[PDB]
file final_29.txt (compact mmCIF, C-alpha atoms)
# COMPACT_ATOMS: atom_id res chain seq x y z
CA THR A 12 -84.81 -24.04 26.29
CA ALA A 13 -83.04 -27.23 27.29
CA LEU A 14 -83.14 -28.78 30.75
CA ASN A 15 -80.34 -31.11 31.78
CA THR A 16 -81.21 -32.62 35.14
CA UNK A 17 -79.32 -35.71 36.34
CA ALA A 18 -78.54 -38.17 33.57
CA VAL A 19 -81.67 -37.41 31.60
CA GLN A 20 -82.23 -35.07 28.67
CA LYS A 21 -85.39 -33.04 28.19
CA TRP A 22 -84.80 -30.75 25.23
CA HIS A 23 -87.04 -29.98 22.28
CA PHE A 24 -85.77 -29.05 18.83
CA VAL A 25 -88.32 -27.29 16.66
CA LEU A 26 -86.89 -25.32 13.77
CA UNK A 27 -87.44 -24.98 10.01
CA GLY A 28 -90.57 -27.09 10.20
CA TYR A 29 -89.59 -30.53 11.42
CA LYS A 30 -89.86 -31.31 15.11
CA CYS A 31 -87.25 -33.51 16.75
CA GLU A 32 -87.39 -34.29 20.45
CA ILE A 33 -85.28 -36.82 22.31
CA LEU A 34 -86.21 -37.73 25.87
CA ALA A 35 -83.68 -40.43 26.67
CA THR B 12 -100.45 -42.92 8.33
CA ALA B 13 -97.80 -41.92 5.82
CA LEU B 14 -95.55 -39.11 4.66
CA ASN B 15 -97.20 -35.94 3.39
CA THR B 16 -97.94 -37.26 -0.08
CA UNK B 17 -100.12 -34.91 -2.13
CA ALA B 18 -102.98 -34.50 0.31
CA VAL B 19 -102.08 -34.16 3.97
CA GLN B 20 -99.91 -36.80 5.61
CA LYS B 21 -97.07 -37.19 8.07
CA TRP B 22 -94.11 -39.54 8.05
CA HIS B 23 -93.71 -41.42 11.31
CA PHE B 24 -90.33 -42.84 12.24
CA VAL B 25 -89.18 -44.05 15.64
CA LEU B 26 -86.11 -46.19 16.19
CA UNK B 27 -83.74 -46.69 19.14
CA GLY B 28 -84.44 -43.90 21.60
CA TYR B 29 -85.25 -41.07 19.23
CA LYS B 30 -88.72 -39.90 18.27
CA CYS B 31 -88.82 -37.65 15.23
CA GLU B 32 -91.88 -36.90 13.13
CA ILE B 33 -92.37 -34.65 10.12
CA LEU B 34 -95.47 -32.61 9.39
CA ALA B 35 -96.61 -31.00 6.16
call {"tool": "encode", "arguments": {"input": "final_29.txt", "output": "structure tokens"}}
result
Amino acid sequence: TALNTXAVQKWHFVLXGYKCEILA
Amino acid sequence: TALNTXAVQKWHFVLXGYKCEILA
């Protein structure tokens, strides 16, 4: 699940095996 | 502190505003 509150991004991408998360 | 090479490792890369890390 992705949460888009304000002008910030709090989503987590975990698929295949590699984990990529951007909190900017 | 390196990419999964033979034994058990993990590549660490962080540049700009993105934090992505691989795990083997």
call {"tool": "interface_residues", "arguments": {"input": "final_29.txt", "of": "chain B", "to": "chain A", "cutoff": "10 Å", "atoms": "all atoms listed in the file", "output": "list in words"}}
result
residues 27, 28, 29, 30, 31, 32, 33, 34 and 35 of chain B
call {"tool": "calpha_fit_and_write", "arguments": {"input": "final_29.txt", "fixed": "chain B", "moving": "chain A", "output": "mmCIF file with C-alpha atoms, in the frame of the given file"}}
result
data_model
loop_
_atom_site.group_PDB
_atom_site.id
_atom_site.type_symbol
_atom_site.label_atom_id
_atom_site.label_comp_id
_atom_site.auth_asym_id
_atom_site.auth_seq_id
_atom_site.Cartn_x
_atom_site.Cartn_y
_atom_site.Cartn_z
ATOM 1 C CA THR A 12 -96.549 -46.437 8.113
ATOM 2 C CA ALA A 13 -96.405 -43.212 6.142
ATOM 3 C CA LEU A 14 -99.399 -41.471 4.598
ATOM 4 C CA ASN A 15 -98.832 -39.112 1.692
ATOM 5 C CA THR A 16 -102.111 -37.409 0.870
ATOM 6 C CA UNK A 17 -102.089 -34.274 -1.304
ATOM 7 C CA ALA A 18 -99.159 -31.979 -0.611
ATOM 8 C CA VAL A 19 -98.979 -32.820 3.065
ATOM 9 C CA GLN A 20 -96.807 -35.315 4.918
ATOM 10 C CA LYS A 21 -98.013 -37.341 7.881
ATOM 11 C CA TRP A 22 -95.260 -39.797 8.742
ATOM 12 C CA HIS A 23 -93.795 -40.711 12.108
ATOM 13 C CA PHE A 24 -90.214 -41.843 12.633
ATOM 14 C CA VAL A 25 -89.633 -43.698 15.878
ATOM 15 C CA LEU A 26 -86.521 -45.839 15.974
ATOM 16 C CA UNK A 27 -83.512 -46.383 18.255
ATOM 17 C CA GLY A 28 -85.070 -44.238 20.949
ATOM 18 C CA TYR A 29 -85.484 -40.745 19.570
ATOM 19 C CA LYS A 30 -88.803 -39.758 18.049
ATOM 20 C CA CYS A 31 -88.867 -37.493 15.015
ATOM 21 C CA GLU A 32 -92.132 -36.506 13.376
ATOM 22 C CA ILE A 33 -92.612 -33.895 10.681
ATOM 23 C CA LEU A 34 -96.127 -32.780 9.804
ATOM 24 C CA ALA A 35 -95.468 -30.062 7.253
#
call {"tool": "axis_aligned_box", "arguments": {"input": "final_29.txt", "around": "region 12-26 of chain B", "padding_each_side": "4 Å", "output": "AutoDock Vina command-line options"}}
result
--center_x -94.5 --center_y -40.2 --center_z 7.0 --size_x 24.9 --size_y 20.0 --size_z 26.3
call {"tool": "decode", "arguments": {"input": "final_29.txt", "residues": "chain A", "atoms": "C-alpha atoms", "output": "mmCIF file, in the first residue's frame"}}
result
data_model
loop_
_atom_site.group_PDB
_atom_site.id
_atom_site.type_symbol
_atom_site.label_atom_id
_atom_site.label_comp_id
_atom_site.auth_asym_id
_atom_site.auth_seq_id
_atom_site.Cartn_x
_atom_site.Cartn_y
_atom_site.Cartn_z
ATOM 1 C CA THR A 12 0.000 0.000 0.000
ATOM 2 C CA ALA A 13 1.113 3.531 -0.787
ATOM 3 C CA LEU A 14 0.308 6.583 1.304
ATOM 4 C CA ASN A 15 0.398 9.991 -0.339
ATOM 5 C CA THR A 16 -0.103 12.629 2.330
ATOM 6 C CA UNK A 17 0.778 16.254 1.559
ATOM 7 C CA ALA A 18 3.882 16.638 -0.575
ATOM 8 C CA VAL A 19 5.602 13.588 0.858
ATOM 9 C CA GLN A 20 5.768 10.028 -0.418
ATOM 10 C CA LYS A 21 5.723 6.991 1.840
ATOM 11 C CA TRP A 22 5.521 3.941 -0.394
ATOM 12 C CA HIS A 23 7.471 0.701 -0.257
ATOM 13 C CA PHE A 24 8.297 -1.415 -3.286
ATOM 14 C CA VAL A 25 9.190 -5.002 -2.472
ATOM 15 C CA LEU A 26 8.880 -7.431 -5.359
ATOM 16 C CA UNK A 27 10.988 -10.119 -7.046
ATOM 17 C CA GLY A 28 13.576 -9.937 -4.290
ATOM 18 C CA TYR A 29 15.039 -6.447 -4.299
ATOM 19 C CA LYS A 30 13.588 -3.857 -1.951
ATOM 20 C CA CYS A 31 13.306 -0.261 -3.099
ATOM 21 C CA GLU A 32 11.804 2.399 -0.864
ATOM 22 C CA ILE A 33 11.815 6.136 -1.461
ATOM 23 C CA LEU A 34 10.787 8.453 1.350
ATOM 24 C CA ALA A 35 11.374 11.861 -0.188
#
